[PDB]
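Engineer: For reference, the structure I am asking about is given below.
Reconstructed Cβ throughout: ideal geometry from the backbone, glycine too, with neighbour counts over all protein chains shown. Every read-out reported here was derived from the displayed coordinates using simple, explicitly stated rules and does not represent laboratory data.
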Amino acid sequence: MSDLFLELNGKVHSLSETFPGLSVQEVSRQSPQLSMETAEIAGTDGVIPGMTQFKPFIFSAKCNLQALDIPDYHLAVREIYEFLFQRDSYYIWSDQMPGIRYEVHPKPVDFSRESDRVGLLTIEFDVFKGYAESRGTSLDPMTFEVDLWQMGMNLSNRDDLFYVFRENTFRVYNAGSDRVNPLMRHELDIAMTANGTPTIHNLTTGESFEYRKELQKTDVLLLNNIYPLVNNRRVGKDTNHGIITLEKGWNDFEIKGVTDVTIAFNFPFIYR
Amino acid sequence: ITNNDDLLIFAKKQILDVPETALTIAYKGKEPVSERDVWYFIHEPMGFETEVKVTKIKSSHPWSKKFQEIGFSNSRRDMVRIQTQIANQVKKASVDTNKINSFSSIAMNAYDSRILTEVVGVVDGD
């Protein structure tokens with residue numbers, strides 16, 4: 001059996017449960033849409049490629065509707081059209097891979113009316129961010145409690161994955177399929193509380209962020225996206241405008257210039 | 001000038017009694033063309049059999065595969081040339097009026113000295 005779960009407006013619905021006549025037959029996804037810009041030079045062979053990107057891709061679900069009668073068929077068609085086509089994006093996942101969800105927008109779908117009560121259809125969804133993601137952020141207990149398989153072992157059972165640290169040097173595990181970069185409009189929050197002048201060094205990626213003012217324990221420094229804040233106030237003028245990115249796997253972090261440091265990382269994993 | 005022969009040669013230089021023509025050729029041969037060489041142009045359908053002196057070249061890189069554009073007997077009209085001519089004429093007029101303002105002021109300045117001379121002579125005559 002198969003099903004499709006849709007999270008929208010803060011509620012989780014089952015496609016086979018919201019519409020009793022609807023039954024999901026098969027679920028599949030398109031390949032990553034690698035896009036690349038090529039430049040040609042006269043007198044030389046081949047092309048020079050620019051930086052590669054990943055265009056939005058398509059998540060498809062082929063299903064059928066078995067209505068009770070013709071009025072039920074029309075009512076179910078209208079209900080499905082009303083439910084699926086909202087004005088804002090929403091998340092979807094499947095029972096086959098419950099640990100990974102896609103933030104999608106619906107695509108036009110045509111009902112193939114085979115009989116007076118039976119209609120086949122294929123619901124397609126545009127994943128417009130170009131990647132999938134975990135069901136929650138790193139700090140979310142939801143993420144590490146359903147399932148997550150990466151090159152063989154389930155990450156929901158590993159006990160060495162921590163994202164809140166109290167020491168000055170530690171390691172952070174990014175389990176995604178590629179690096180997490182706030183410059184790429186990714187989600188990444190870093191919250192610190194310490195005393196002194198903070199300085200964060202990501203030795204794995206060789207990045208650094210420094211705040212050039214004294215800090216106190218009750219003052220929280222939050223780096224969200226490309227913006228640093230102190231007590232929910234933009235303080236970018238007093239920093240080096242550094243951006244901290246997490247590479248694939250283990251990243252070694254060193255905190256210097258402060259004591260009694262408590263640092264937490266909150267970010268979702270990115271899957272290709 | 002004051003004599004008539006200089007005026008005659010100036011007047012001869014002042015007009016153009018032949019149609020103003022400009023020739024453009026798209027050349028795609030192997031032999032390179034320099035800025036000084038004079039070529040021989042033969043083009044039967046357009047009735048050309050003459051010697052042409054290069055006055056404008058728009059060459060491409062030797063690896064660019066593109067054609068070459070070569071001009072003879074001055075260039076086509078174009079607007080940016082007209083704008084440059086208008087701008088330089090404007091600058092010449094501006095410097096002319098700037099000079100003539102000072103010239104007129106000096107003419108006023110040169111008047112007061114002669115006024116003083118007239119006054120001194122009037123006093124002397126009395």
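Engineer: Can you give me the long-range amide H partners of A:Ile243? Hydrogens built in the peptide plane at 1.01 Å from N, cutoff under 5 Å, separation of 5 or more residues or another chain.
Structural biologist: Placed amide hydrogens put A:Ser208 under 5 Å from A:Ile243.
Engineer: Amide H to amide H under 5 Å from B:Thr55: which residues, 5+ apart in sequence or cross-chain, H placed 1.01 Å off N in plane?
Structural biologist: It is B:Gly71, B:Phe72, B:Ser73, by chain and number.
Engineer: On to the next question. ³J(HN,Hα) across the range B:111-123 via Karplus (A = 6.51, B = -1.76, C = 1.60, θ = phi - 60°), whole Hz, x for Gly/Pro?
Structural biologist: Taking θ as phi minus 60°, the curve returns 6, 5, 4, 5, 4, 4, 4, 4, 5, 4, x, 5, 5 Hz for the range B:111-123.
Engineer: Something else now. Taking the beta-carbon count within 10 Å as an exposure proxy, list A:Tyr90, A:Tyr211 from fewest neighbours to most.
Structural biologist: Least to most surrounded, the residues fall as A:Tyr90, A:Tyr211.
Engineer: Within the range A:1-143, how many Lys pairs sit with Cα atoms under 19 Å apart, leaving out pairs fewer than 8 places apart on the same chain?
Structural biologist: Within the range A:1-143, the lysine pair count is 4.
Engineer: Straight-line reach from B:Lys12: which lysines have a Cα under 29 Å away, not including same-chain ones fewer than 8 places off?
Structural biologist: Once the sequence-local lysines are set aside, what remains near B:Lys12 is B:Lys53, B:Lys56, B:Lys91, B:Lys92.
Engineer: On to the next question. Output ³J(HN,Hα) for the range B:61-67: one whole-Hz value per residue in order, computed from phi by the Karplus curve 6.51 cos²θ - 1.76 cosθ + 1.60 with θ = phi - 60°, and x for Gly and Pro.
Structural biologist: Per-residue couplings from phi come out as 5, x, 9, 8, 6, 7, 6 Hz.
Engineer: Can you figure out the FRET efficiency of B:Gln14 with A:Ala42, using R₀ = 45 Å and their beta-carbon distance, to the nearest 0.05?
Structural biologist: Efficiency computed from Cβ-Cβ geometry: 0.35.
Engineer: Counting other Cβ atoms within 10 Å, keep those with at most 15, restrict to DSSP loop, and tell me which GluC sites (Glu not before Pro) in the range B:1-107 are left.
Structural biologist: B:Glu20, B:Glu35
Engineer: Evaluate the distance, in nm, between pseudo-label points positioned 7 Å from the Cα of B:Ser64 and of B:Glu49 along their respective Cα→Cβ axes.
Structural biologist: Taking the two extended label points, one gets 3.5 nm.
Engineer: Go through the range A:159-216 and name the trypsin sites (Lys or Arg not before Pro) that are in a DSSP coil and have 14 or fewer other Cβ atoms within 10 Å of their Cβ.
Structural biologist: A:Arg166, A:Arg185, A:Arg212, A:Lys213
Engineer: Between exposed chymotrypsin sites (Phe, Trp or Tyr not before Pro) in chain B, where DSSP calls loop and at most 14 other Cβ atoms lie within 10 Å, what's the longest gap?
Structural biologist: By the stated rule (loop sites, at most 14 other Cβ atoms within 10 Å), B:1-62.
Engineer: Whole-Hz Karplus ³J(HN,Hα) for the range A:66-75, in order, using 6.51 cos²θ - 1.76 cosθ + 1.60 and θ = phi - 60°, x for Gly and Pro?
Structural biologist: Residue by residue, the range A:66-75 yields 10, 7, 6, 7, 4, x, 5, 4, 5, 4 Hz.
Engineer: To the nearest 0.05, what FRET efficiency results for A:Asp95 and A:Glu124 with a Förster distance of 22 Å applied to their C-beta separation?
Structural biologist: 0.70
Engineer: Excluding A:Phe269 itself, calculate the net charge of residues whose Cβ lies under 12 Å from the Cβ of A:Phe269, where each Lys or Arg counts +1 and each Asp or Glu counts -1.
Structural biologist: So the surrounding residues net to +1.
Engineer: Here is a further query. Return the loop-located GluC sites (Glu not before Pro) in the range A:11-99 (DSSP other than H, G, I, E, B) with at most 13 other Cβ atoms within 10 Å of their own Cβ; answer none if there are none.
Structural biologist: For GluC sites (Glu not before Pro) across the range A:11-99 that sit outside H, G, I, E and B with at most 13 neighbouring Cβ atoms in 10 Å, the list reads A:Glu37, A:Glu40.
Engineer: Would you kindly state how much longer the chain becomes between B:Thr24 and B:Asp126 on full extension, computed as 0.36 nm times their sequence separation minus their alpha carbon distance, in nm to one decimal?
Structural biologist: 28.5 nm
Engineer: Then there is this: Under the Kirkwood approximation applied to all pairs of distinct alpha-carbon atoms, what is the hydrodynamic radius of the protein assembly as shown in Å?
Structural biologist: Computed over the protein assembly as shown, the radius equals 30.9 Å.
Engineer: So how far apart, in nm, are the two label points at B:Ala107 and B:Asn74 if each is 7 Å from Cα heading toward Cβ?
Structural biologist: Those two pseudo-labels are separated by 3.6 nm.
Engineer: If I take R0 = 30 Å and measure r between the Cβ atoms of A:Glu145 and A:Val77 in this structure, what FRET efficiency does the formula 1/(1 + (r/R0)^6) give, to the nearest 0.05?
Structural biologist: 0.20
Engineer: Given the rule -39500 (n - 2.57) for each run of at least 4 DSSP H residues, summed and divided by the residues of the protein assembly as shown, what is its mean residue ellipticity at 222 nm, to the nearest 500 deg cm²/dmol?
Structural biologist: Estimated from H runs of four or more residues: -6500 deg cm²/dmol.
Engineer: Here's a follow-up. Would you mind calculating the gained length between B:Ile1 and B:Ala87 on full extension (0.36 nm times residue separation, minus the Cα-Cα distance), in nm to one decimal?
Structural biologist: Result for the pair: 28.1 nm of gain on full extension.
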